[PDB]
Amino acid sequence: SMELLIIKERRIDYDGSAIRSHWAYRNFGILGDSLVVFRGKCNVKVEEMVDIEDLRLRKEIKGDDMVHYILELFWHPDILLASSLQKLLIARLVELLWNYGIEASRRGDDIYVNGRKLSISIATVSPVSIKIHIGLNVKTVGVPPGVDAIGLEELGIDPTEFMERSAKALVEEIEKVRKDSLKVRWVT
């Protein structure tokens, strides 16, 4: 259906390199649609930056302890599809945070808690797939000053436990999207 790989023992960093096509397959032998969830540092390299806006105003994307979500879908490489899914997934996370008594807020693809930004994300396409990245702060250390952040520990949430519950939630989200797309007749 969809491959879920949660790297639970070691750690892996994110330099924006994992956004490329076939990243999950080339590095994990995971074939087709897949969600790879890991935890590590965050120092996106300029040459791997997808947001053309972050570049024009050379913004810096940093973090030390962040939870990473790498999604690759071999669907029609439509930028509108990538954008829609990304915000649907962020919205699922925002709702999930409420199970922990946390009042999250969504501003497009960004998640906010008590006015502070908890996440980062990007959605785009390759010539053969949809790639999406979601990042949730665990600790606010290493994050570039300007806007202020917040993380999972300060919110009283165990990361490894959140990775299990949230990865499951996102997979369910995507599978429901696929199933619903197959039970409806086209209309004139």
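The first residue of the sequence shown is number 1, and the count goes up from there.
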**Study point:** Per the entry, higher mean C-alpha B factor between 83-91 and 108-116
**Key:** 108-116
**Study point:** Higher-B stretch (mean Cα B-factor, as the entry records it), 46-54 or 26-34
**Key:** 46-54
Check your understanding: Among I132, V141, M163, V128, where is the Cα temperature factor highest, going by the PDB entry?
Key -> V141
**Study point:** Residue, from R20, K176, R10, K168, that the PDB entry assigns the highest Cα B-factor
**Key:** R10
**Study point:** For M2, the third of its chain into which the C-alpha B factor falls
**Key:** highest
Check your understanding: Of the three thirds of its chain by CA temperature factor, lowest, middle or highest, which one includes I61?
Key -> highest
Practice item. Using the B-factor values recorded in the entry, state whether the Cα atom of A123 falls in the lowest, middle or highest third among the modelled residues of its chain. Key: lowest
